[PDB]
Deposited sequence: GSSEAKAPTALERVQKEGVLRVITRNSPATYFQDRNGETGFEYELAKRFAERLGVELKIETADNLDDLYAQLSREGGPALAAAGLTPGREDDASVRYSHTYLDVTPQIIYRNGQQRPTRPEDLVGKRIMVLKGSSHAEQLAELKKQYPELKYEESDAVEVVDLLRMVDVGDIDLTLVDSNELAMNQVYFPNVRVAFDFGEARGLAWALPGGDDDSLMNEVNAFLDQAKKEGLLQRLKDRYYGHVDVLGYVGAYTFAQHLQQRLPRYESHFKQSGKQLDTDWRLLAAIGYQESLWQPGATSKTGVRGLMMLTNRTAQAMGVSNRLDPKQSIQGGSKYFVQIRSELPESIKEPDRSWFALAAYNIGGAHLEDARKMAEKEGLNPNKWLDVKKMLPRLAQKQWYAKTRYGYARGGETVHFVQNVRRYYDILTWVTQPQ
């Protein structure tokens, strides 16, 4: 008579069903990832079992697998919370948002959905929301598809195939950086928690382990660290900066993508990181120049150019080649036991602020009894290079070490964003 929990533990596998969606589960360079994947993999680790993911064709399929004997133990799928289905405690507050196309008539309230072409996923809480609206306004028309994901409905608004969709704010935020013409019209409802779904029944053995995991996850910052990483683009970049990234990805990157990729091949370095640097430096503009005679797409000094054999810094190919050689060389000089990924984040700090001021920040880390080989500690020190109190105590004095923390954070975020929609 094994409980749900004992079943898992005896099989030594946790089978989780999810959506095929950026917001939940997909693959990158290093394998499986995504918010729900990472969250569910820490749950399987907690239980001491192997995670096995299944994906459903659509939401009705996903809820049908859960009600099957022998099916998945739980669904982790950005689900908005029937004896056939039980929900965990909620783990993230998301708001349903009506999405429209920039430059078209912004709907401001529910009645404005009438006369608009509107599609949502079949079997979704979105479709239920609309079903309730239609009882009030019979003239409301909307279509449901079970052949599409949410990212695909956002693309339909983006390219103009539909006027409107309804989507959770965390999904909007994640994908706002890819669709330059989608905008939030308004919030169709207030924030509400997402929850994992479990098979119905009277056995609360796994449900209680799920809820203790989510409790822990909130306690330690795990949910918020995952949310900032995948869903945090608008909070960190601003709304305008996130959609502007979409513009520049669609209209600028294609002119340089192959340059970036050749460099990556040449230097055995992920090309999306190199493109991320270019984005943070110039917004992928070959002509950009600064005050201090640093220029071109990657922002190279004349020395760097000379050292790197770059004739013309206004040539993008050239600037990318030398910028990317220079990043990789900086990264190579760092002390050998500093490992990836920190190795790369230190290299990004150095690219921006230069080896000297970095060294001072690492020394300051050590004098504070923090670790100078630990990125997070050195990060804590860098902003101090701009505070008088602390740059007084440094060999090379004042530097814009707050800008440097922003540069590393953004490059990391841009790199993520490019990774999730491009090939290695």
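- Unmodelled regions of the deposited chain sequence (numbering from residue 1, in sequence order): 1-6, 88-91, 435.
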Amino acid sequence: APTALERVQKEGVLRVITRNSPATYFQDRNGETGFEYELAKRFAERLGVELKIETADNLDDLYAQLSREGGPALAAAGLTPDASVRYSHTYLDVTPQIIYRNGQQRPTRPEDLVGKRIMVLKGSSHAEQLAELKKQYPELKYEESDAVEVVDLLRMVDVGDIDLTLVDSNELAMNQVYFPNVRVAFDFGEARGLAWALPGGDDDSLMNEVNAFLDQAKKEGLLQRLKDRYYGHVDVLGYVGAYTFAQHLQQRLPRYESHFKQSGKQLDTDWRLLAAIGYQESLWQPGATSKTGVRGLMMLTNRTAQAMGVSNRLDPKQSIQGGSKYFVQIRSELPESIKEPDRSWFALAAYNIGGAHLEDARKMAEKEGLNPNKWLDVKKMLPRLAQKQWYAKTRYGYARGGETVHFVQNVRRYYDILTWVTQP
From here on, numbers count along this sequence of modelled residues.
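- Between 119-127 and 241-249, it is 119-127 that carries the larger average Cα temperature factor according to the deposited entry.
- Looking at 310-318 and 187-195 together, the entry lists the larger mean B-factor for 310-318, computed on C-alpha atoms.
- When the C-alpha B-factors of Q266, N208, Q280, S324 are read from the PDB record, the largest value belongs to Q266.
- Across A347, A275, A305, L164, the entry's maximum B-factor at the CA atom is seen for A305.
- Ranked by Cα temperature factor within the chain, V85 sits in the highest third according to the deposited record.
- For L300, the recorded CA temperature factor ranks within the highest third of the chain's modelled residues.
- The deposited CA B-factor of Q97 belongs to the lowest third of values across its chain.
- Residue-level temperature factors show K41 in the lowest third of its chain, judged at the C-alpha atom.
- In the PDB entry, a CA B factor belonging to the middle third of its chain's modelled residues is recorded for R155.
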